[PDB]
K.L.:
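Handing you this structure, nothing more for now.
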Amino acid sequence: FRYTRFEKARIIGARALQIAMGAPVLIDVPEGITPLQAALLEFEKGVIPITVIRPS
Amino acid sequence: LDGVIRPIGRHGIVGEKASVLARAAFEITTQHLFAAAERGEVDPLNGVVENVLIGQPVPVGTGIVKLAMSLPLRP
Amino acid sequence: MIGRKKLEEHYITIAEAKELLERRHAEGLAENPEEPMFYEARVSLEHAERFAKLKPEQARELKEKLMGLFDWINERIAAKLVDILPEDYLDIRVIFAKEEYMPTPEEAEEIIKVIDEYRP
Amino acid sequence: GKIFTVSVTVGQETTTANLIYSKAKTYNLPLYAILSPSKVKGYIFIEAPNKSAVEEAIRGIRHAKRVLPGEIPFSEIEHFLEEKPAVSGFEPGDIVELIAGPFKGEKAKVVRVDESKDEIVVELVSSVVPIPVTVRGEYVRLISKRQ
Amino acid sequence: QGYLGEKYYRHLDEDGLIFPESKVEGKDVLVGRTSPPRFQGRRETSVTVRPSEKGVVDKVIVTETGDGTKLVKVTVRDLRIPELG
Amino acid sequence: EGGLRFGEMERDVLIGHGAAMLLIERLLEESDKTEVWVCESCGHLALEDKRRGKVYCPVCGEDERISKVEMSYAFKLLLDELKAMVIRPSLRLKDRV
Amino acid sequence: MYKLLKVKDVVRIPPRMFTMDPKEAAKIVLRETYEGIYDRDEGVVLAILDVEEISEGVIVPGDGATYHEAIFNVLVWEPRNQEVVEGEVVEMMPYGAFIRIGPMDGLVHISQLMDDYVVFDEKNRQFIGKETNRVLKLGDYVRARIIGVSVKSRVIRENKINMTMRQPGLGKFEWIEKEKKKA
Amino acid sequence: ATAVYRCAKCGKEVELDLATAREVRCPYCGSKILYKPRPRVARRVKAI
Amino acid sequence: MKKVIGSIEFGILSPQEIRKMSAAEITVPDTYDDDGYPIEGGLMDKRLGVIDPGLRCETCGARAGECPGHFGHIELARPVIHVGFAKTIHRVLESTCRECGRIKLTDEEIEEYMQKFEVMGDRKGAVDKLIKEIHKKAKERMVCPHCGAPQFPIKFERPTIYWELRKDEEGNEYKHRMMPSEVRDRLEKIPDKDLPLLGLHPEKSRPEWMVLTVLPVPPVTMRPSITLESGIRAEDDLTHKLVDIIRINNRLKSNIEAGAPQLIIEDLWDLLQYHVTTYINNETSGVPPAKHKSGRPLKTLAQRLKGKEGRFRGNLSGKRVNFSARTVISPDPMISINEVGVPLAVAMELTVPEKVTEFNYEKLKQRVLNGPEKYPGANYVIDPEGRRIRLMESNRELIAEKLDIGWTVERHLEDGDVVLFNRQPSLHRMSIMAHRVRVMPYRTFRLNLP
DNA sequence: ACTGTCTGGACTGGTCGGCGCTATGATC
DNA sequence: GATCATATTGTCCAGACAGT
Ligand SMILES: [Zn+2]
Ligand SMILES: [Zn+2]
Ligand SMILES: [Zn+2]
Ligand SMILES: [Zn+2]
């Protein structure tokens with residue numbers, strides 16, 4: 001299983017929107033980054049909770 | 001697509017588009033809209049340009065991605 | 001319209017509603033602000049505890065007895081009967097005057113001494 | 001004598017008719033008759049042997065636009081030259097609109113109508129309290145016939 | 001109403017005209033003009049510098065138009081030292 | 001102090017990039033975002049009275065089934081133009097989920 | 001009339017409630033959303049008891065909140081036409097008397113309170129019968145059936161309830177007992 | 001609110017009140033165009 | 001909750017719907033009086049909306065800038081053929097009998113065409129082909145299959161003139177002008193079951209609605225009025241067209257109520273028809289376009305919708321956006337391909353709205369404490385409830401002390417921020433890319449050479 | 001069934017800057 | 001003098017249509 005570019009962008013956008021209005025970060029933060037960077041590090045650490053629904 | 005050669009203009013692919021707003025936005029806006037009013041056509045807004053005109057997300061790229069979330073997040 | 005669709009609809013009685021409102025009051029007491037509910041829910045709980053004629057389990061038993069006794073009545077009729085708790089023909093008549101059926105004196109009497117069982 | 005229509009500027013049909021009369025008097029025109037009813041706005045009628053005389057008589061006046069090609073039958077304008085009060089045909093209980101007067105641009109309902117005093121009595125529909133007022137019969141226009 | 005700000009009229013004289021050789025910035029008032037109200041207090045219709053433009057007021061000319069009304073033309077100069085772009 | 005035009009070509013290349021939410025933010029959320037009241041019974045634009053404090057559909061009634069829809073003000077102007085051109089657009093509302 | 005309903009609905013949980021249990025968060029959202037309002041086909045939404053089943057969340061575009069398909073129990077109150085109910089008079093003013101029967105307050109007309117020209121006493125807010133000589137005071141249990149419900153607004157207070165009381169067999173509990181004694 | 005102005009052609013000082021001016025012109029030569037004189041308040045200009 | 005437009009259904013507005021949607025009735029062909037106030041019953045009536053800031057709308061009670069506008073209706077003295085449907089009307093006039101009103105097809109043919117319509121599906125081309133075939137088949141029948149009444153050919157003259165080729169008792173062939181009232185009466189006789197054969201919806205596209213009896217005047221907001229620099233209000237072209245329409249309609253009503261002869265009534269009817277046709281579309285072929293007093297032709301709703309400058313292209317498909325800058329580009333090999341040179345003046349103007357969280361609270365607090373005149377700073381602060389406050393010198397420290405989790409800070413453009421970089425014309429999707437902000441104190445943009 | 005003719009529509013996008021216009025012949 | 005109703009009704013390509 002692999003993540004497409006559109007799916008990854010949607011996941012990062014949803015995670016950043018969640019972080020902006022709540023949703024505390026599941027990993028450490030560099031104390032000053034934007035929520036988009038927080039979502040990027042969450043994706044890089046493989047800790048994101050958001051899945052992708054695919055038709056079948 | 002329909003078994004005959006069609007152009008890309010108002011008399012071709014755009015002409016047989018199922019969306020009223022897609023046909024009206026490109027060419028012959030007045031007569032296309034009036035003919036749609038005559039026929040009582042229903043626009044399902046399944047295209048891209050109609051969602052652009054309205055404000056709904058387009059059905060291409062990230063607009064087709066569906067996401068699921070597990071609520072009990074415990075960091 | 002509450003929600004997208006309704007699955008089950010039941011005509012609940014006064015006693016069970018009072019129990020549910022007491023549970024909501026306990027939940028609000030567990031909630032940090034001192035106000036459990038709004039004005040309408042608190043006033044409803046006060047009215048229910050003022051008109052708490054029967055215990056919730058006694059009300060449930062009476063309602064199920066009414067439901068199993070006859071067939072033309074519904075949950076609303078049984079709930080209204082257990083709410084009023086009739087004793088004679090007058091209140092039964094003023095309840096069923098505008099209803100679809102004006103019950104005969106025999107079935108009215110049988111409803112009456114079904115009702116007055118374990119009646120406070 | 002055939003009746004033709006001359007279109008003129010609204011509100012000054014009488015002035016154009018007087019100008020045409022003066023032109024006919026001082027220019028020897030074969031004009032037979034000129035009519036300008038007050039109810040008809042922006043047009044006048046000319047009884048002339050032919051339309052050519054009509055367009056020649058109205059020529060040179062900037063307030064006369066054109067002459068309609070058709071010919072008006074005399075039965076159409078027969079009712080115009082008839083002695084009849086403006087209050088005739090108005091029955092109480094209907095709704096009228098007041099053209100002029102202090103109540104300009106107001107809808108009302110007719111209560112009393114008389115032809116001897118050339119006046120009519122109307123109650124304002126927008127008034128919360130019913131207060132009848134009197135207004136000239138020619139100052140109202142029927143909008144819906146009802147009893 | 002319509003008062004842009006206290007500091008925007010700091011370069012104006014008592015006649016509502018800007019003094020020459022005065023440094024100006026964006027939205028700075030050059031000619032103080034008041035208009036009669038539509039259909040209240042007098043409106044504000046002062047001529048101001050463009051928001052993205054600045055410079056120094058080079059000259060002020062007072063004259064009349066063809067109808068005899070007053071006309072004030074303010075020429076403002078800005079030094080353009082060459083730079084990137 | 002005018003804005004910068006995001007023309008048809010810019011929208012086309014944003015579609016080609018596959019950026020749906022970026023296009024939504026550019027064309028809608030930053031230019032003419034607005035909210036309207038729509039009647040679910042007939043699709044007409046409902047009227048909201050601040051004095052009465054209530055939202056209702058004048059062509060239809062329906063004081064209950066009225067929903068708030070977020071859309072561009074240009075789309076509302078287009079709907080008004082269509083109504084002025086004796087064309088009735090009926091907005092069939094759908095749930096977001 | 002009190003009612004218990006099982007309602008399936010989409011509940012929106014904001015990201016600030018992610019750390020909490022999904023059932024508790026859905027219950028909190030439903031309580032802050034639906035409680036205290038009036039529904040045309042349901043009545044006075046009184047309380048949300050619990051949430052039985054919840055589903056996996058779905059994130060819609062343009063919103064970080066999570067939407068869950070949840071089934072829950074709602075306790076509501078629906079006034080019915082020609083329905084009898086017992087209450088207590090809580091407010092009296094000359095044109096009519098207000099009685100509490102539940103979440104709403106029913107209005108009983110002074111003309112139609114009894115088949116007698118009952119006078120309102122402004123000294124102590126009392127109702128005095130001219131011929132029957134029956135005194136109506138605050139805190140008296142009464143029974144009446146409803147004839148008019150106004151559902152023109154979604155606010156409970158703005159809704160109006162009018163009942164009927166001139167029919168025999170209604171009124172105060174003492175009045176009903178006295179009528180039963182004659183029969 | 002009267003003020004002094006400089007004529008465009010003759011250059012002599014012209015005195016008039018713009019608030020209540022029925023007509024603004026230089027009476028000395030009839031010129032209808034006037035220049036606002038530069039104020040004597042010291043201004044500071046950065047050298048390049 | 002929130003709802004989205006799942007689908008749009010199109011149709012023809014019925015006169016009853018126009019009357020119900022109208023908040024006012026317009027009869028005065030004027031906009032403002034001498035003092036500038038709106039005239040009651042006019043086009044600028046407060047019941048249709050408010051543009052001037054002082055006024056308050058009568059229908060909804062809202063001030064200017066928030067009132068959506070409300071439509072009005074004008075009761076025409078005589079029906080007027082809609083030009084956009086006019087040719088289509090002629091098609092119906094060539095398909096339905098003049099007496100019975102049914103289509104000129106047999107019952108078996110009608111049933112077969114119904115099966116053909118049901119079978120093919122939803123492709124537009126097949127529907128248009130079937131409609132054209134049905135119209136061609138019905139237009140060549142001079143005898144009604146249901147009533148047997150004779151039929152006459154109908155000649156369509158552009159834009160809204162209909163001629164019926166009739167025969168006198170002597171066999172001479174002449175042309176009778178079909179008035180819009182007669183056309184509407186003929187269209188009213190067509191039942192709902194024959195409408196799908198003509199390509200009309202029984203409940204949405206009734207043919208009688210194709211002839212205008214009530215004219216929907218647009219809201220004030222959609223045709224706004226502005227005040228020029230000379231103090232004279234500048235009316236819109238649509239406002240002038242509606243003024244002319246109202247004046248002609250009032251003259252026609254006055255002449256009808258006065259018992260004017262037929263020459264008057266048809267002439268005023270033709271004038272009103274021309275005015276309504278120009279109001280629907282001023283570029284209609286065969287008629288002179290409506291012109292202003294200065295000789296400038298007006299653009300009506302059709303020109304507002306169509307064209308490069310129209311609503312569809314100039315306002316809907318493409319529109320001006322906020323938070324955008326534009327300036328000259330200069331080379332900068334010292335930056336990466338991922339980076340764009342953003343000037344300090346541009347960076348301090350364009351603001352990124354960043355929500356205050358537990359990890360960026362100190363940075364956003366420092367941005368607020370810097371202010372709009374110090375880089376890196378902030379320009380606006382939005383509370384969780386939703387009130388936006390502009391940061392000045394006075395409240396710069398007060399807002400910073402009031403900053404908490406959930407607040408939004410519109411901070412200046414910082415290094416590493418993602419922005420779009422587009423050059424026009426955008427021939428391909430590679431004509432815009434997302435770069436990283438690099439802030440330099442010069443004035444021009446800087447883009448890497450590759 | 002072919003053939004020339006009449007009618008209708010579109011004519012790349014964006015930006016900087018300016019110029020200039022949007023009443024009048026009767027009436028008291 | 002200060003107001004006021006009215007103020008006219010360039011080429012090329014493609015689809016539909018009388019004519020032979
Ligand atoms: Zn509706
Ligand atoms: Zn001089
Ligand atoms: Zn309004
Ligand atoms: Zn027939």
Side-chain angles (χ1 to χ4, degrees), chain B residues 1-2 6-10 12-37 39-75, chain G residues 4-37 39 41-42 45-76 154:
Chain B
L1 196 55
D2 283 340
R6 329 171 290 172
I8 50 154
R10 58 188 170 274
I13 301 167
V14 202
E16 336 292 328
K17 251 164 183 229
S19 164
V20 172
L21 301 182
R23 302 189 252 103
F26 168 58
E27 227 99 288
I28 46 180
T29 296
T30 281
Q31 39 261 90
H32 254 146
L33 281 168
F34 277 139
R39 212 89 83 256
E41 294 183 37
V42 179
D43 190 14
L45 312 162
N46 293 333
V48 178
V49 57
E50 40 244 55
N51 291 300
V52 157
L53 298 202
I54 296 199
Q56 264 99 62
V58 301
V60 79
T62 70
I64 85 156
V65 182
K66 263 123 86 185
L67 298 186
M69 183 79 191
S70 288
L71 228 273
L73 266 205
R74 302 215 202 278
Chain G
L4 177 52
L5 323 160
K6 202 166 290 210
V7 169
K8 143 177 303 207
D9 193 17
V10 176
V11 189
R12 172 197 177 276
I13 305 180
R16 47 174 265 253
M17 299 189 210
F18 278 179
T19 43
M20 323 174 22
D21 218 42
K23 256 169 190 110
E24 298 173 348
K27 186 178 176 164
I28 282 181
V29 171
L30 290 157
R31 276 211 275 233
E32 82 69 11
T33 296
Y34 272 126
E35 276 186 359
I37 79 193
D39 281 54
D41 26 12
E42 319 299 320
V45 201
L46 270 170
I48 319 278
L49 301 323
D50 60 324
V51 175
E52 295 181 348
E53 310 208 340
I54 212 174
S55 88
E56 289 300 314
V58 166
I59 299 161
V60 307
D63 200 2
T66 308
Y67 292 84
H68 285 251
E69 239 276 4
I71 312 145
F72 45 94
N73 294 98
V74 199
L75 165 76
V76 304
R154 310 185 32 89

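Within every chain, numbering begins at 1; the chains are lettered A, B, ... in the order of the sequence lines, protein sequences first and strands thereafter. Because only heavy atoms are used, hydrogens play no part in the values below, and waters and symmetry mates are left out as well, while side chains stay in.
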K.L.:
Counting only non-hydrogen atoms closer than 4.5 Å, does G/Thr66 touch chain B with its backbone (N, CA, C, O), its side chain (CB onward), both, or neither?
P.N.:
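Side chain only.
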
K.L.:
Can you list the residues of residues 20-27 of chain G that sit under 4.5 Å from chain B, counting heavy atoms only?
P.N.:
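The stretch touches chain B at G/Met20, G/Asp21, G/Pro22.
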
K.L.:
Is it the backbone or the side chain of B/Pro72 that comes under 4.5 Å from a heavy atom of chain G, or both, or neither?
P.N.:
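Both parts, backbone and side chain.
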
K.L.:
More than 12 foreign heavy atoms under 6.0 Å from CD of G/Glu32: is that the case here?
P.N.:
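Enclosed.
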
K.L.:
Does atom CZ of B/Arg6 have more than 12 heavy-atom neighbours from other groups under 6.0 Å away?
P.N.:
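Correct, the count exceeds 12.
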
K.L.:
Check this for me: B/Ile64, atom CD1, are more than 12 non-hydrogen atoms of other residues, nucleotides or ligands nearer than 6.0 Å?
P.N.:
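Open.
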
K.L.:
Minimum heavy-atom separation for B/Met69 to G/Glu56, with atom names?
P.N.:
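Here B/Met69 and G/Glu56 meet closest at O-OE1, 3.7 Å.
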
K.L.:
Please classify the contact of G/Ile59 with chain B as side chain, backbone, both or neither, using a heavy-atom distance under 4.5 Å.
P.N.:
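Looking at G/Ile59, backbone and side chain both touch chain B.
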
